[PDB]
Amino acid sequence: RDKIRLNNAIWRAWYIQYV
Amino acid sequence: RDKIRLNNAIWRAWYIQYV
Amino acid sequence: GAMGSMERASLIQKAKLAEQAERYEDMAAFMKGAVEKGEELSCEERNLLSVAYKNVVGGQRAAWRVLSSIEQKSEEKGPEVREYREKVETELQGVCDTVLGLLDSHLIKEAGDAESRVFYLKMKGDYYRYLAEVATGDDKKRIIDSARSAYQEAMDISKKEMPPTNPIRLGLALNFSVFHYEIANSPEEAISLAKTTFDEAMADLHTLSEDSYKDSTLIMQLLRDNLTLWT
Amino acid sequence: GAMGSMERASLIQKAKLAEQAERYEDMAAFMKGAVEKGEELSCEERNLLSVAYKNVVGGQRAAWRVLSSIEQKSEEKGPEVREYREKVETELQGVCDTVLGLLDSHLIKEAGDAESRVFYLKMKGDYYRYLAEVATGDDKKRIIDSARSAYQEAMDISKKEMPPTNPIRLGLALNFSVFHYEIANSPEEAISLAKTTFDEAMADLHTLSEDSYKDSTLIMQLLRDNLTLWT
Ligand SMILES: O=C(COc1ccccc1P(=O)(O)O)NCCc1ccccc1
Ligand SMILES: O=C(COc1ccccc1P(=O)(O)O)NCCc1ccccc1
Ligand SMILES: [Mg+2]
Ligand SMILES: [Mg+2]
Ligand SMILES: [Mg+2]
Ligand SMILES: [Mg+2]
Ligand SMILES: [Mg+2]
Ligand SMILES: [Mg+2]
């Protein structure tokens, strides 16, 4: 579960950082 | 370096375990 | 199609082998072959279809993101970064169009149970969402509305026909909330959806077995993680 | 070839972009295009060629290993596990043959400096080694001897022309020791080679700059790790 949550967070954070 | 060493060890160990 | 000569059962078997080998392109080609046999897909088979294409397009998206950022950063670069980004983009669009084609021929048409119909409409929303990420302008607007329409139909069915903890219902809400935040410029809708979905699922956990509980709480955790990021 | 219309410099540029995107199949196709321009490869370009194909064939080998084990474990399975393992095997053989073809047309022929000639002969040994892993019987013997011959020529040059810490020399010795252990049924040779290589490199570290030291000690660590596993 930790890995699934980590992978999701990376993908979602990219959008935020892209702006 | 740790990652490179870890990846190498996995590949080499497979052969040993295969026999 | 090149899988036309292979038995349906053999295609499904090989899709599972490809999954174990993390050969997702092969997995997707096997599942495309299976869909093209014309019969409905079982729950397990629907999941194989989704896992295959989600992983293929995931790789393409990740590469596109790497290249897009390099592109935006460009000393005169020549046309190469753009060209290669466009190559990946075109390949990504091709995979999305393939998936959309399978869902339109004729998976959605023949899906009458909520579990299948919601699943396929969620997929339709997802692959339009991926097309939207690389789209520009007026084409983007139509693609975005196609995604929205598919997700919305799936949402309406899921609310009528599935309990609030149903993992398909939960994953649909998760993805539609991502659509709102990342595609539709609607962060408040995204947050509202994720919160209401989380809270209504929480209140239905009591009905669940140990195994079902674990499945539901995983998606709930993803809703909460997204909410934490977005707020 | 499909890269025939693209500038050599553009191919190299795109190979680097593909590397950043972990698009190794693309990277390999770009580098194949570059080799087919007919000019020698610089040190950086040789490394791009190797990184691309090592990663492509690495994925194929990993998948083959997953499937081979499933195959050996098989209740009557039908022909599917064998078929799919054979599909991956054939694709792997195809990539090895492509690499071997590039080295034979005409990279090795034109490589006169030790750094290039040793590099390419090591590659030749490596891709014959990968072919050997999936080979059976008499075909295996010839493939194994092809690997051995290439590694041996590379070894002879490296000992004459390069210091014992040269990373190309060290990586060649590492891989040839793996060949001895895994392919040639010669574990004592493997151990002897790894040990002598390690010890002769240790005694030459004093000559090295900080940066060169780091490069050399990395491969030394891999020799030592292998020795620990094998002893
Ligand atoms: O981990 C991600 C990040 O995002 C993606 C990464 C690769 C491909 C697609 C997507 P997405 O469609 O943009 O979410 N998502 C999946 C989240 C999830 C996990 C388990 C169960 C249900 C959902
Ligand atoms: O990490 C592995 C394991 O094995 C492989 C995995 C994938 C592809 C090929 C091989 P290999 O040719 O069988 O060693 N090897 C490379 C070791 C190395 C690292 C840095 C510098 C020099 C050598
Ligand atoms: Mg039949
Ligand atoms: Mg385009
Ligand atoms: Mg509402
Ligand atoms: Mg030119
Ligand atoms: Mg064969
Ligand atoms: Mg000796």
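Worth knowing before you read on, the calculation uses all heavy atoms, side chains too, and leaves out hydrogens, waters and symmetry mates. Throughout, a chain's letter reflects where its sequence line sits, starting with A, and its residues are numbered from 1.
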Between the main-chain N or O of [Y] and the side-chain N or O of [X], is there a donor-acceptor pair closer than 3.5 Å?
X	Y	value
C:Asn55	C:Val51	yes
D:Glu45	D:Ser42	yes
D:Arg142	D:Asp138	yes
D:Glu76	D:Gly78	yes
D:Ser68	D:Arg65	no
D:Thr231	D:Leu227	yes
D:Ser105	D:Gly101	yes
D:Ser50	D:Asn47	no
C:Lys37	C:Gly4	yes
D:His206	D:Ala203	yes

Just wondering, do [Y] and [X] contact through their side chains at under 4.5 Å, heavy atoms?
X	Y	result
D:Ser158	D:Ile168	no
D:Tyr53	D:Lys32	yes
D:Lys16	D:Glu44	yes
D:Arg46	D:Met123	no
C:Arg23	C:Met27	no
B:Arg12	D:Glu182	yes
C:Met31	C:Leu11	no
D:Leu102	D:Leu49	yes

Using 0.5 Å steps for rounding, measure from the [atom1] atom of [X] to the [atom2] atom of [Y].
X	Y	atom1	atom2	value
C:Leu174	C:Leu223	CG	CG	5.0 Å
D:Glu200	D:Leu170	CD	CG	10.5 Å
D:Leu121	D:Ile108	CG	CD1	5.0 Å
D:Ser192	D:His180	OG	NE2	9.5 Å
C:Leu222	A:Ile4	CG	CD1	7.5 Å
D:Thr90	D:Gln60	OG1	CD	10.5 Å

Taking atom [atom1] of [X] as the centre, report whether more than 12 heavy atoms of other residues, nucleotides or ligands fall under 6.0 Å from it.
X	atom1	answer
C:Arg8	CZ	yes
D:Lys195	NZ	no
C:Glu86	CD	yes
D:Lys77	NZ	yes

Practice task
Please collect all ring-ring contact (aromatic ring centres under 6.0 Å, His included) contacts where either partner lies in residues 64-105 of chain D, sequence neighbours excluded, each pair once.
Solution key: C:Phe30-D:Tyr84
Exercise for the section: Name all pairs fulfilling the ring-ring contact (aromatic ring centres under 6.0 Å, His included) condition that reach into residues 109-148 of chain D, sequence neighbours left out, sorted by first residue then second. Expected result: D:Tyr127-D:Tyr130
For the residue pair [X] and [Y], what are the closest heavy atoms and their distance?
X	Y	result
D:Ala132	D:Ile183	CB-CG2, 3.8 Å
D:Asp215	D:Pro167	CB-CG, 4.1 Å
D:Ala150	D:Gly125	CB-N, 3.6 Å
D:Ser216	D:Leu205	CB-CD2, 4.1 Å
D:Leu229	B:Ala13	CD2-N, 3.8 Å
D:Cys43	D:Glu115	CB-OE2, 4.2 Å

Assess the side chains of [X] and [Y]: does a donor N or O sit below 3.5 Å from an acceptor N or O?
X	Y	answer
D:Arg169	D:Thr197	no
D:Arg129	D:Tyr151	yes
B:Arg1	D:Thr217	yes
C:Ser209	C:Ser212	yes

Handout entry: salt bridge (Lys or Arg N to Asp or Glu O under 4.0 Å) contacts in which one or both residues fall within residues 144-158 of chain D, not counting sequence neighbours
Key = D:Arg117-D:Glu153, D:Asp145-D:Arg148
Practice task
Check the pair C:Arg85, C:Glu89 against salt bridge (charged side-chain N to carboxylate O under 4.0 Å, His left out), reporting the backbone distance first and the verdict last.
Solution key: CA-CA 6 Å; C:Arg85 183 265 303 155; C:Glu89 187 172 299; 2.8 Å; yes
Exercise for the section: Evaluate the salt bridge (charged side-chain N to carboxylate O under 4.0 Å, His left out) criterion for residues C:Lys87 and D:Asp26: first the C-alpha distance (whole Å), next the side-chain angles of each, then the deciding distance (0.1 Å), finally the verdict. Expected result: CA-CA 10 Å; C:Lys87 179 185 174 178; D:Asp26 294 345; 3.7 Å; yes
Problem - side-chain contact (heavy atoms from CB on, under 4.5 Å) between D:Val118 and D:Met155, intermediate numbers included - result: CA-CA 8 Å; D:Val118 173; D:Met155 283 291 336; over 6 Å; no
Practice task
Test B:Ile16 against D:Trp230 for side-chain contact (heavy atoms from CB on, under 4.5 Å), laying out the working first.
Solution key: CA-CA 9 Å; B:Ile16 289 161; D:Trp230 292 344; 3.9 Å; yes
Exercise for the section: Verify salt bridge (charged side-chain N to carboxylate O under 4.0 Å, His left out) between C:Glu133 and C:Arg61, making sure each step is shown before the conclusion. Expected result: CA-CA 9 Å; C:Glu133 292 176 318; C:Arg61 289 166 69 206; 2.9 Å; yes
Handout entry: Basic-acidic side-chain contact under 4.0 Å: D:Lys122, D:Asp126
Key = yes
Exercise for the section: Apply side-chain contact (heavy atoms from CB on, under 4.5 Å) to D:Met6 and D:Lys14, showing your working. Expected result: CA-CA 10 Å; D:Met6 202 185 311; D:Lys14 292 177 184 180; 3.5 Å; yes
Exercise for the section: Step by step, work out the side-chain contact (heavy atoms from CB on, under 4.5 Å) result for D:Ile143 and D:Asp139. Expected result: CA-CA 6 Å; D:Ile143 292 173; D:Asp139 200 47; 3.5 Å; yes
